[PDB]
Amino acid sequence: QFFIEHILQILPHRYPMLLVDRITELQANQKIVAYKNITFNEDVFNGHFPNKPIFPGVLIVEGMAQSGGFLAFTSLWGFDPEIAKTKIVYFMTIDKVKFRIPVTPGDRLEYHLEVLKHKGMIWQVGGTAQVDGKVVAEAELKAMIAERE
């Protein structure tokens, strides 16, 4: 399990684009289960939408991407902050995205990603986003890990 502090040392993302609060499950080269809490106290809700708070679907995808990248990175180098700073995880494609249920404040947005296939630095992950056991979204993504600036 990894907490926000650990996440912050692996991912370069910061406020307000770090969308993973905690990692509950992690199997190298296999899968990951992480989540992000959804609360009203988030700036996005001011505009999406007034008097009707709905967590953006694209951000649910961004959350799945971040989880997948965290998976791809730790599988290769484990918990290594120094190496994390020397790498970039670039998302090339995203496909098969489907939104079934709206995520709102109060929900625990859980990400479930598994490694579909990986060769070299190219990693393809897929899975779902869930709230209390039900699939609220699904998607497949492909990332490329490379050397930073």
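Rigid core here is just the name for the largest C-alpha set that superposes within 1.5 Å across the two forms. Note that residue numbering begins at 1 and tracks the sequence as displayed.
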Rigid core superposition result in 8 other deposited structures of this protein, more deviant of 137-145, 124-132 by Cα
137-145
Core-fitted, the stretch whose Cα atoms sit farther from this form in 8 other deposited structures of this protein, 78-86 versus 96-104, is 78-86
Assert higher mean C-alpha B factor (59-67 or 112-120, deposited values) equals 112-120
The stretch whose C-alpha atoms carry the larger average B-factor in the entry, 86-94 or 30-38, is 86-94
Residue of maximum C-alpha B factor among 12, 133, 127, 16, per deposited coordinates
133
Determine, from the deposited record, the chain-internal third of the Cα B-factor for residue 80: lowest, middle or highest.
highest
Report the third (lowest, middle or highest) to which the CA temperature factor of residue 144 belongs, ranking only the modelled residues of the same chain.
highest
